[PDB]
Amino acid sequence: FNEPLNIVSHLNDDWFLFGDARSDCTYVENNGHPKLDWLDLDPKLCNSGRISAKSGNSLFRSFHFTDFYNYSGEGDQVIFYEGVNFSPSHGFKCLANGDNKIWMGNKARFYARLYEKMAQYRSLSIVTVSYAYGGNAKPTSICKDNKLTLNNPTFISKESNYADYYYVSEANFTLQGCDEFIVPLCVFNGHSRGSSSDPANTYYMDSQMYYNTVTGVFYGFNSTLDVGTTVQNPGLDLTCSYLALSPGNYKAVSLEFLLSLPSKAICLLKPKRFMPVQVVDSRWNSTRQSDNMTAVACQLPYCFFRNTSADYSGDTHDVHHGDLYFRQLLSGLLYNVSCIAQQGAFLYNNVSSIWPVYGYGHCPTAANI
């Protein structure tokens, strides 16, 4: 009786879900498909006011790239069912001889910070960050490929009067109107190039730091790897850490190569008593390559991870949308449960065959009578 259920759910109506096409009731198509057949989410929840979901997008994608959706929502119990729209299938690298594995590392670090913080705050949104820069140089899109253009962090070009990239540069940015801010601090970790026409032996070791002008605390990232931009010595790409910062005026200081600074932040608002987030595995049908970086990110005590036992097997829309087992996993959002724990959700508050571990809510005992 009352065994843990492999679902995501909620203790009361104070919940919120962040998603992609599989939770996006506003997507439109014109064909002979059944209505809303791309959904894993139950159509009854489309008008709940508790969903922020966009076909083709993810939190990581909107945070870093020009393909932007303003994910926003507030709840005590926060659930995520997204991530797949930045995966190894996309194969993103900043440069021709870059490394998607670095980008998978970035994915894991971003989601780990996000989940940790969303166990402690009710409200999430994505805000623009402005800068003040004393020179005439403008932003440059150093990191992109044929389908995605990175725009966070911003990279400022070299000033015209400088002959090389061995310069110090800086700009200030303001973080205002949120309790905490997640921003990226990144570096090209390796031997960077100014231009293709430069001598083979001239390269740069990118350095970047952010400095709080009031408190005087700074966090920094220097290049240490031997990887580069050529076929002979490949592997250079953009490594990012994700910092949780208090409101204030900040100084971005670059000691070598291009200045970078945040253009977007995750805005965190309204502290709550600690409540773990729930994360649903977000993957393709195995005809495409997926990753487990959200699983790497989802750790105790701040996150509970839920997954099915099968390939993602689309019903009518295509192979990648409308899976029976993910539909059943999400069906727990249709009702309240007594307790949400590591093993799953416990429907009833009284007795179970299994002891809940890391239980939240009104949890049952597994004692006799």
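Numbering starts at 1 and runs along the sequence shown.
Note on 169 to 177 vs 112 to 120: mean CA B-factor is higher in 169 to 177. Higher mean CA B-factor, judged across 337 to 345 and 35 to 43 from the recorded values: 35 to 43. Between the residues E159, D281, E74, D237, it is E159 that shows the highest Cα B-factor in the PDB record. Among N151, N106, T202, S87, the highest C-alpha B-factor in the deposited entry belongs to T202. Compared with the other modelled residues of the chain, the Cα B-factor recorded for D164 ranks in the highest third. Among the modelled residues of its chain, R61 has a C-alpha B-factor that falls in the lowest third, as given in the PDB entry. Per the deposited record, the Cα B-factor of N2 falls in the middle third when ranked against the other modelled residues of its chain.
Sort the chain's modelled residues by C-alpha temperature factor and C143 lands in the highest third, per the entry. Annotation for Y27: CA B-factor lies in the highest third of the chain's modelled residues.
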